[PDB]
Visitor: 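Handing you this structure, nothing more for now.
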Number of protein chains: 2
Amino acid sequence: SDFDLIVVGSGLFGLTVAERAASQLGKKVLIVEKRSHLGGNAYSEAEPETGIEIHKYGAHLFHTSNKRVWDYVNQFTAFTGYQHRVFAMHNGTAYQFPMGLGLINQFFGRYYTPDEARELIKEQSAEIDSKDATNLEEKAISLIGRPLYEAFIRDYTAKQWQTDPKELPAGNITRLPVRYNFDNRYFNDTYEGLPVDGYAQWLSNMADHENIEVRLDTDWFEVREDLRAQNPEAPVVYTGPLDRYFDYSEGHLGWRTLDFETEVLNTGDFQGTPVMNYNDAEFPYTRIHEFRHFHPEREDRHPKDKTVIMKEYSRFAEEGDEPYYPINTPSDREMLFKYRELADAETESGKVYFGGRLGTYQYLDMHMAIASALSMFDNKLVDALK
Amino acid sequence: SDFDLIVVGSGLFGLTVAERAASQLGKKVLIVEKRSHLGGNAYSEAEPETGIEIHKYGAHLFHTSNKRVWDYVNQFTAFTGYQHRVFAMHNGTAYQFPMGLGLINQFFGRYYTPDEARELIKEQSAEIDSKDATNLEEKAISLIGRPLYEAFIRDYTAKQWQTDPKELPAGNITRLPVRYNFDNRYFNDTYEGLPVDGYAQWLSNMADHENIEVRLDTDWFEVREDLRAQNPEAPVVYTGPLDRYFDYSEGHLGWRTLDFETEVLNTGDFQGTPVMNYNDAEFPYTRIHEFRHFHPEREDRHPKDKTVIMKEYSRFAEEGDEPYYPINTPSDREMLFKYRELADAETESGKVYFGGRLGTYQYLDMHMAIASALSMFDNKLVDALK
Ligand SMILES: Cc1cc2nc3c(=O)[nH]c(=O)nc-3n(C[C@H](O)[C@H](O)[C@H](O)COP(=O)(O)OP(=O)(O)OC[C@H]3O[C@@H](n4cnc5c(N)ncnc54)[C@H](O)[C@@H]3O)c2cc1C
Ligand SMILES: Cc1cc2nc3c(=O)[nH]c(=O)nc-3n(C[C@H](O)[C@H](O)[C@H](O)COP(=O)(O)OP(=O)(O)OC[C@H]3O[C@@H](n4cnc5c(N)ncnc54)[C@H](O)[C@@H]3O)c2cc1C
Ligand SMILES: CC(=O)N[C@H]1[C@@H](OP(=O)(O)OP(=O)(O)OC[C@H]2O[C@@H](n3ccc(=O)[nH]c3=O)[C@H](O)[C@@H]2O)O[C@H](CO)[C@H](O)[C@@H]1O
Ligand SMILES: CC(=O)N[C@H]1[C@@H](OP(=O)(O)OP(=O)(O)OC[C@H]2O[C@@H](n3ccc(=O)[nH]c3=O)[C@H](O)[C@@H]2O)O[C@H](CO)[C@H](O)[C@@H]1O
Ligand code: NA
Ligand code: NA
């Protein structure tokens, strides 16, 4: 047949499943993708005026402690030695971040040793016991105290969730957000970097296989009856929206979206670092990205007098908005459980598997999407394709 | 013969020359080393109470942009992804360091953008033109201004050189010590790391070759007549003290030395970072090293409640002191030039080559010592050994 497997959507989940079927099982794979490009939200592109690599669906930082995933992705791209670091703008000062000896010195006004800082945090957070916290605000305060909470957590969180923190689950904070050293590496994972030639090249390499066919600008729901009629026995891996697949018969799942305001400025350097969080309520955006600093190794390909920045705004996803993060209200969790029963039935009657961020109503980092695809491949598709 | 080449001293210079003669030319090499161990000052050892890897002749950080040197050293050890970062203690606060947007924010009290910081530094340093500077103090001020100079440069420099900065060469500062971004990587080199199994294992691996013989606890001047009588045609590579070789016939070359005060403390973490500079005059030492933080990958081999620190004191080297840094007074430069003429004559009459830090009266980083040895090997010894 012209294909043995259909994959709907070309994000990291779809690409991984398609590439494994194609290279490990020698199967013909047809990838159907609604957008004009591969890669889903991890896709990146050159900004036209400067040539700087930018993102239109959020900045993407790759990090993992999963060696199998790391070895896998390195078949398709090399990675730079980039290490993500973040700074937090509060009341006119850029603080070292996350909370650690650096921020503590800057904020409380003098140097605390590791043991002194531990004692300071005990004092500050004495007010509430975390076992007694009834919401996010109380849980946060019970861990780090009111001054730290009100300076670095309250408004940022309120901007991100569009909700007063008094009205968020205490379960949204599960550990001490404070380091008792000067380590300001943002991620804690064994492996980290950015694709040397950009995400578009990486993701394109995954789909670049003699056994893989890609059809862009193609909505699964517009072509599915025709495609499956060509080969009825071919399974489908669907990574599109779960609720939309079942015609919203159980309701609309709720998502948060993001607005990106991207500007080219006539300066070589706007903030001197890739990411600046804006922790104060007076700024509508949660953070600014300056894309050139993600690839300092490309400095003589970058313009000396221009730079691209991007401001990030968070809000509820309405119709026409890109759905990015599941809201997960108990109402959402309910209709999800109902959709899971429909999906499971659809798998056994129609050989349609559900995966990925949209297909399962679950936020997935890139390495988690890859791990999840590797697992579906190993545990389900090898058997379904013989 | 029992050896084709004699190498005096087993620092990075000696080891490199010995290993190249042994592996590339297939020559028998005898290494003579005065101390009880290999490696010269780069040698490291376990502290007995904690097992933590420490140094007795200064902390050693490996960094280079020389790819040939990098590829060479990786034949003998793997390197961690360690990146050196330093903090500067001034008036009770730990500043981000070297001078950049971080320090500038902390010190001047609010966030300066890259362009604003450039303008601030122009204002601050307007007082003196660097073309008019007559000493180190003026040259420093002409570049970064009096407040920055007096807070972070004056006392530290005075402690290191044991001299008022008004009495040091304006030529000791040759570029703007300020970054207009948030990058606080201490070194600017392409390659950087620490030997995964420590310096002792690395340096021991260099000498570990079927063609290499090592004699520790052996002073060249006590054994040389006997050794050379065994094989008169064998060249000598001498990395011992240049002036001592010629019986101080032209005077004693002047060196600075260091005192190290090493303590085991009953805490798991003293300062939360490998190196803290102490920039104020009230502290006699220039910096404190906390050795465990150089190898965070060894954390579950390190004790949870103890740590080794080391305070570093600088002073003129007297007899009995380890000579570490050439002072290079014009008086020193004079007798050096005289010793160079003696050495050059000794090379052509006695086949004794002079290299390394002590042999040439020149401070050499490890990669520069290796590069210098590789060059002497390529340009002199290949010919001298055929
Ligand atoms: C704002 C944002 C920032 C992120 N930052 C990071 C980060 O820093 N680090 C990290 O590791 N991960 C990050 N991620 C996650 C990253 O994008 C993952 O690769 C992604 O979640 C992988 O899941 P997926 O492959 O299922 O998703 P998707 O990327 O969403 O891919 C799904 C694809 O299916 C297509 N599709 C949908 N419906 C149809 C249909 N009917 N027909 C055809 N095609 C269809 C879509 O067009 C899309 O291309 C971020 C995600 C977002 C949204
Ligand atoms: C305090 C300090 C800190 C340093 N920190 C760094 C750092 O962070 N990064 C970096 O890249 N480099 C650093 N270096 C430099 C590093 O030690 C180099 O490897 C060294 O300078 C290499 O030069 P060498 O091999 O000639 O020197 P040496 O290490 O001095 O080796 C010379 C050897 O010759 C032996 N010897 C002398 N006389 C005789 C004799 N008569 N007979 C027999 N043996 C003899 C000595 O015992 C010694 O082992 C540091 C050096 C010092 C002193
Ligand atoms: C957009 C995105 O892909 N986010 C993911 C990414 O970012 P992060 O979790 O690192 O970024 P983040 O800023 O979105 O989330 C951290 C949370 O901590 C709080 N906070 C954070 C910063 C600050 O200055 N102040 C403050 O209060 C806030 O409540 C926020 O929700 O990696 C995480 C760990 O892998 C999660 O997977 C996140 O979902
Ligand atoms: C001990 C040693 O091996 N030093 C070497 C190493 O350390 P560094 O040069 O990085 O360390 P350093 O502190 O010894 O020297 C920097 C100089 O800047 C000044 N200063 C520095 C720090 C500070 O807080 N305040 C201040 O005023 C001071 O005048 C000092 O002499 O690498 C350098 C670059 O490769 C040189 O090779 C040095 O010789
Ligand atoms: Na508490
Ligand atoms: Na000036």
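Just so it is clear, the values below take in all heavy atoms, side chains as well, and ignore hydrogens, waters and symmetry mates. First the proteins, then the strands, lettered A, B, ... as listed; each starts at 1. Ligands are counted one by one from 1 in listed order, and the atoms in each one are counted from 1 as well.
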Visitor: Please report whether ligand 2 has a polar contact with B/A369, defined as an N or O pair separated by less than 3.5 Å (distance criterion only).
Guide: no
Visitor: Taking the six-membered ring for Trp, are A/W220 and A/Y245 closer than 6.0 Å centroid to centroid?
Guide: no
Visitor: Looking only at protein heavy atoms, identify the closest one to atom 9 (N) of ligand 1 and say how far it is in Å.
Guide: A/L61 O, 2.8 Å
Visitor: Using a cut-off of strictly less than 3.0 Å, determine whether B/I128 has an N/O/S atom near the Na ion (ligand 6).
Guide: yes
Visitor: Measuring from non-hydrogen atoms of B/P241 to any atom of ligand 2, is the shortest distance under 4.0 Å?
Guide: yes
Visitor: Just say parallel, tilted or perpendicular for the rings of A/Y313 and A/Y285, cut-offs at 30° and 60°.
Guide: perpendicular
Visitor: Quick one: are B/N66 and B/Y191 in side-chain contact, heavy atoms under 4.5 Å?
Guide: no
Visitor: Any salt bridge between B/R215 and B/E33, counting N to O under 4.0 Å?
Guide: no
Visitor: Looking only at distances, can you tell me whether any N or O atom of B/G355, backbone or side chain, sits closer than 3.5 Å to an N or O atom of ligand 2?
Guide: no
Visitor: Kindly confirm or rule out an N or O of A/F13 lying under 3.5 angstrom from an N or O of ligand 1.
Guide: yes
Visitor: Hey, does B/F62 have a side-chain heavy atom less than 4.5 Å from the side chain of B/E192?
Guide: no
Visitor: When the aromatic ring centroids of A/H37 and A/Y57 are compared, is their separation below 6.0 Å?
Guide: yes
Visitor: Is there a side-chain contact between B/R224 and B/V32 in this structure, where contact means two heavy atoms from C-beta onward sitting under 4.5 Å apart?
Guide: no
Visitor: Rounded to 10°, how many degrees is the angle O/B/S142-the Na ion (ligand 6)-O/B/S125?
Guide: 90°
Visitor: Give a yes/no on ligand 1: does A/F62 have at least one heavy atom closer than 4.0 angstrom to it?
Guide: no
Visitor: Work out whether the distance between some heavy atom of A/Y325 and some atom of ligand 1 is less than 4.0 Å.
Guide: yes
Visitor: Is the closest heavy-atom distance from A/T218 to ligand 1 below 4.0 Å?
Guide: yes
Visitor: Which residue holds the protein heavy atom closest to atom 29 (O) of ligand 1, what is that atom called, and what is the gap in Å?
Guide: A/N41 N, 3.0 Å
Visitor: Can you pull out the closest protein heavy atom to atom 53 (C) of ligand 2? Residue, atom name and distance to 0.1 Å, please.
Guide: B/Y324 CD2, 3.4 Å
Visitor: At what distance is the nearest protein heavy atom to atom 42 (N) of ligand 1, and which residue and atom is it?
Guide: A/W220 N, 3.1 Å
Visitor: Could you tell me the residue and atom name of the protein heavy atom closest to atom 24 (P) of ligand 2, and the distance to it rounded to 0.1 Å?
Guide: B/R357 N, 3.9 Å
Visitor: When you measure from the Na ion (ligand 6) to the N, O or S atoms of B/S130, does any of those distances fall below 3.0 Å?
Guide: no
Visitor: What I want to know is whether A/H367 and ligand 1 share at least one N or O pair that is separated by under 3.5 angstrom.
Guide: no
Visitor: Looking at non-hydrogen atoms alone, which of A/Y238, A/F187, A/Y43, A/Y363 comes nearest to atom 6 (C) of ligand 1?
Guide: A/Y363
Visitor: What is the nearest protein non-hydrogen atom to atom 46 (C) of ligand 2, stated with its residue, atom name and distance?
Guide: B/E33 OE2, 3.5 Å
Visitor: In plain terms, say whether B/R315 and B/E322 are close enough for a salt bridge, that is, a side-chain N and a carboxylate O under 4.0 Å apart.
Guide: no
Visitor: I need the contact type for B/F221 against ligand 2. Using non-hydrogen atoms and a strict under-4.0 Å cut-off, is it side chain, backbone, both or neither?
Guide: side chain
Visitor: Of the protein's non-hydrogen atoms, which lies at the shortest distance from atom 12 (N) of ligand 1, and what is that distance?
Guide: A/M366 N, 3.3 Å
Visitor: What protein heavy atom is closest to atom 43 (C) of ligand 1, reported as residue, atom name and distance in Å?
Guide: A/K34 N, 3.2 Å
Visitor: Check ligand 2 against B/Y57 and write out every atom of the ligand that is under 4.0 Å from a heavy-atom position of the residue.
Guide: 1 (C), 2 (C), 52 (C)
Visitor: Quick test: of every protein heavy atom, which one is nearest to atom 5 (N) of ligand 1, and how far off is it to 0.1 Å?
Guide: A/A59 O, 3.1 Å
Visitor: Looking only at protein heavy atoms, which one is nearest to atom 41 (N) of ligand 2, and how far off is it?
Guide: B/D219 OD1, 2.9 Å
Visitor: Checking a contact table here: which protein heavy atom is nearest atom 20 (C) of ligand 1, and how many Å away?
Guide: A/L364 O, 3.7 Å
Visitor: So is A/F260 polar-close to ligand 1, meaning N/O to N/O under 3.5 Å?
Guide: no
Visitor: Any heavy atom of A/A373 closer to ligand 1 than 4.0 angstrom?
Guide: no
Visitor: Closest non-hydrogen protein atom to atom 37 (C) of ligand 2, residue and atom name please, with distance?
Guide: B/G240 CA, 3.8 Å
Visitor: Do the ring planes of A/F221 and A/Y238 sit parallel (below 30°), tilted (30 to 60°) or perpendicular (above 60°)?
Guide: perpendicular
Visitor: Any idea which protein heavy atom is nearest atom 34 (O) of ligand 2, and the distance to it?
Guide: B/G9 CA, 3.2 Å
Visitor: What residue and heavy atom of the protein are closest to atom 31 (O) of ligand 2, and at what distance?
Guide: B/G11 CA, 3.3 Å
Visitor: Of the protein's non-hydrogen atoms, which lies at the shortest distance from atom 51 (C) of ligand 1, and what is that distance?
Guide: A/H60 NE2, 3.7 Å
Visitor: I'd like to check B/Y82 versus B/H295 (side-chain heavy atoms, cut-off strictly below 4.5 Å). Are they in contact?
Guide: no
